[PDB]
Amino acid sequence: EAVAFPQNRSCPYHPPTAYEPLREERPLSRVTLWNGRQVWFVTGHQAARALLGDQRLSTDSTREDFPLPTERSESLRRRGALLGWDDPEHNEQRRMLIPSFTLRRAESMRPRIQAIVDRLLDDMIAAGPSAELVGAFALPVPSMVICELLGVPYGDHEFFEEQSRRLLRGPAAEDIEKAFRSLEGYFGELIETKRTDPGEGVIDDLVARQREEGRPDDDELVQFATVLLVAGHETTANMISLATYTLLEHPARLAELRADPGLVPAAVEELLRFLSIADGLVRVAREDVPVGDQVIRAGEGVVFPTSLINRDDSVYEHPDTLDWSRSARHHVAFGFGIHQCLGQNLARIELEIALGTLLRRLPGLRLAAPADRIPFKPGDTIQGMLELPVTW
């Protein structure tokens, strides 16, 4: 009768079935972790937005009291740049990157994103009448965009796409570490190069702050480049793959987007909301935080089940249904407040161009395998498809 967290989805595009009873307990419920530790489970949309702006919640997975949802994550110590930091140190870091992630900067990259998407679909269409869309499209689009974002030179695009793929797919754990060391090593060299080279992108922008205000040291700069890739790659890739699967499993919603390409921006917001692939943001209370007449005591864990929060029926009528006309505004698929996704302006435009161009170019797109033989991620990680066999 106590509900374990995290759990696997049964259906790639719905929250795990066991959480259903807890949806009625707003704004706070509770779940049990692998070791019997109980944590708060924020089911209320308004409560979730208020808590995610609260400086008394911490992302510091270095603390002995930080809830590690799995036994496997028990090995989490170094603090990860931006997300693994509290303010003021977190804001100091974010302030240096924010100017690279304006909506104007997002908008300026449309033609570069269009060219990446067009090149990958041209290659996929030329290669044959079927594809594994995760490897052929969903995985390389976001890593190639992050190339353009960071200012990786064209000649290095292949190496970068490959090493970023090993990072996610790494046949062996040794491939994941070699890829990581290879990219950190590579970012090191590219910073020296960009000292004695021109360059547009986040890396040149941070070489500029460095000179102009001593600001990012070279090790910090490498950490920023690494987290940007890691935060930007699988999230975007999994939205492309699971959005596609989901669209193919809802023929009448897919037909409305084919009919009216103008709906695609609204559709991307509704898919972010409905899919909520960044499921289960984790905090610990540093101090007592009240919510109504309930108190989250110092040292107690707080889990934000993105997928349920984005299906709060006091905000979204018929929340478990895909609807292109119902405002998906104020969704928390990119989080909210202190740690709200830095790359969300860019992510939205990648999704709009990737899905918009796929639909335009491949009107016959359909699953090339039965939908229940297609593997998807377990409950303890970013949700999404591991493969997506398609034909057209």
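Numbers for residues come from their place in the sequence shown, where the first is 1.
In this entry, no coordinate-free residues of the deposited sequence separate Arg297 from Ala298. Comparing 194-202 with 308-316, the higher mean C-alpha B-factor in the PDB entry belongs to 194-202. Looking at mean Cα B-factors across 240-248 and 204-212, the upper value is held by 204-212.
For the set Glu132, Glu269, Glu234, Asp218, the PDB entry assigns the largest Cα B-factor to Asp218. Remark: of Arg273, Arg258, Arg79, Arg253, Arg79 shows the highest value [criterion: C-alpha B-factor in the PDB entry]. Annotation for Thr62: CA B-factor lies in the highest third of the chain's modelled residues. For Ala47, the recorded CA B-factor ranks within the middle third of the chain. Only modelled residues enter the ranking. Per the deposited record, the Cα B-factor of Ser325 falls in the highest third when ranked against the other modelled residues of its chain.
In the PDB entry, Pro27 places in the middle third of its chain by CA B-factor. When the modelled residues of the chain are ordered by C-alpha B-factor, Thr70 sits in the highest third.
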